[PDB]
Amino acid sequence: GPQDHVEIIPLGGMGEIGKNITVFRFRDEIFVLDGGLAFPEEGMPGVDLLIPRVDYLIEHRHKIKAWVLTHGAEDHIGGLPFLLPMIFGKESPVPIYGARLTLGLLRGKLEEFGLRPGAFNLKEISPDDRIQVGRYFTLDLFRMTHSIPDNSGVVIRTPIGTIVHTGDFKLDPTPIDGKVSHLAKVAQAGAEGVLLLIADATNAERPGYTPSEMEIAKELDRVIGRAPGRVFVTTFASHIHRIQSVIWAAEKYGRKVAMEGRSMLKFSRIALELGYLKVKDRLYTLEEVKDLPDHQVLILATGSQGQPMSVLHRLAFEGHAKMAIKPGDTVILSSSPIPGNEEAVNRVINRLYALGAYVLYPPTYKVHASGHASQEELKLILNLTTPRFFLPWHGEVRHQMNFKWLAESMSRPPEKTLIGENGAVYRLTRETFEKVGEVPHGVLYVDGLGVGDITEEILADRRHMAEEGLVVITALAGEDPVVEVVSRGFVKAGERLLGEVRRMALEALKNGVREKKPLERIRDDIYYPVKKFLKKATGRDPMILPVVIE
């Protein structure tokens, strides 16, 4: 039938790295792939995290047959304690599939955001399971090597063809868990024929292969072993395999492992519980590790991206009542700086050097590997699948374009490659693939209070104040009119002209009472001429607040 088609709507994850959320539909049965979280750092202060706009999912909260989860990373399972209550409400019998860790981390996230255990249907599946979603989707999951364990891809079987979603991946030949990528299901999918391939474009510009976690472990061992006195190690909290090799090194060289920072304390607790982490002794605290000699200590902490309030940031910018950087410690930044955090990292790195600690970080020391596949690995999957259509995902426009070209360079290139966009509707038939339009989409600013606390406008005029400053005018209606101009964060060129604005507003108030105009209309007779005067006089566009009282 030429009427049959699959609608693919990503509400996040395209033309970007974070907030991964993919929606798949056939006729009237919907299935969602992941519920991601995004981070600010661009120019959004106060905001802790970000969540995608599921306006499509509120509208279709019934057609949602199941929610499938690839892995337990925040950019895949962080949005859910905010997305789930918005869609279904406090409870839902809709199955939410995932691996032990993928769900265990989510469980804890719900235990954090005030939730009854099992309010939502969290159905545990193997990273290699086959799940029949509704009556149109047969989901063949397959293990994929990445930063977080129990990560999977998905061979999405539809009544019109095969969608191969690689998910976040790398072809790590020697992963820390020994649990290698199941390329068999993928090679099997290719033979049958692949209609669409959704592939991780993170390092599509990066040539060659991504170094194995085993090689990073080997290096970490070499440096931790080398260490004179103390050893500090930072990484992304989520990276259980890295945490593992850092532990494996400490244990090898007779060091007791301490752990600080709630994020790493969270992930590890769940991982050690579910048998993903392996400590021969106990994961000590700072209190316990305190008395021990320097060469017998390893303090694992949060602050890989030089986070303003993290443990490593406090260690650099004094600090803790319990811990301070001693001139002798070895600080191992087992991560590479994320773009836009490069300066935050530099300040931290510099600060630690200034304190007297030897700082070890990439590229000098090969102590970090990307969880995402480089060109050679993408080249392999592209040959393994040979799709008709291609949708590069989990990557910015640069990455998606470079992957488009990498796919183009192939022997049997795809018939059509589409650069993915958030909230766009992609119609896929057994013969065609095309964007058929758009749906309501965006992002929601979340903080300590939650969603709705910070709107688009709160930051908008906050930027207006940041970039330009504030000028506040107090206008008094009545027989005795008073005008007072005060300005915070305003240019000295304008502070001189503050005397002129008082008289500029006094005559504007004078005419206001003369015409017996309302206070809501007098403010505008004050606001606009001062605005036009300040732009023509100082060239600055500051925040102007004309307060009108009787």
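We number the residues from 1 along the sequence you see.
For this session: State which stretch shows the higher mean Cα B factor in the entry: 286 to 294 or 175 to 183.
Result: Result of the comparison: 286 to 294.
Exercise. Out of 184 to 192 and 303 to 311, which stretch has the higher average CA B-factor listed in the record?
Worked result: Result: 303 to 311.
Problem set entry | Identity of residue with top Cα B-factor, from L103, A227, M323, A424 | Answer for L103, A227, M323, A424: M323, with the highest C-alpha B-factor.
Exercise. Which of these, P81, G98, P387, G478, has its C-alpha atom at the highest B-factor, as the entry lists it?
Worked result: In this record, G478 carries the highest C-alpha B-factor of the candidates.
For this session: Looking at the entry's B-factor column for C-alpha atoms only, identify whether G328 ranks in the lowest, middle or highest third of its chain.
Result: Middle third by C-alpha B-factor.
Problem set entry | Chain third (lowest, middle, highest) by recorded CA B-factor, residue given as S374 | It falls in the bottom third of the chain.
Exercise. Considering only modelled residues of the same chain, in which third does the CA B-factor of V486 rank: lowest, middle or highest?
Worked result: Its C-alpha B-factor belongs to the highest third of this chain's values.
Problem set entry | Relative C-alpha B-factor of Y253, binned into the chain's lowest, middle or highest third | Answer is lowest: the recorded C-alpha B-factor places it there.
Problem set entry | Position of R463 among the chain's modelled residues by C-alpha B-factor, lowest, middle or highest third | For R463, the deposited C-alpha B-factor lands in the highest third.
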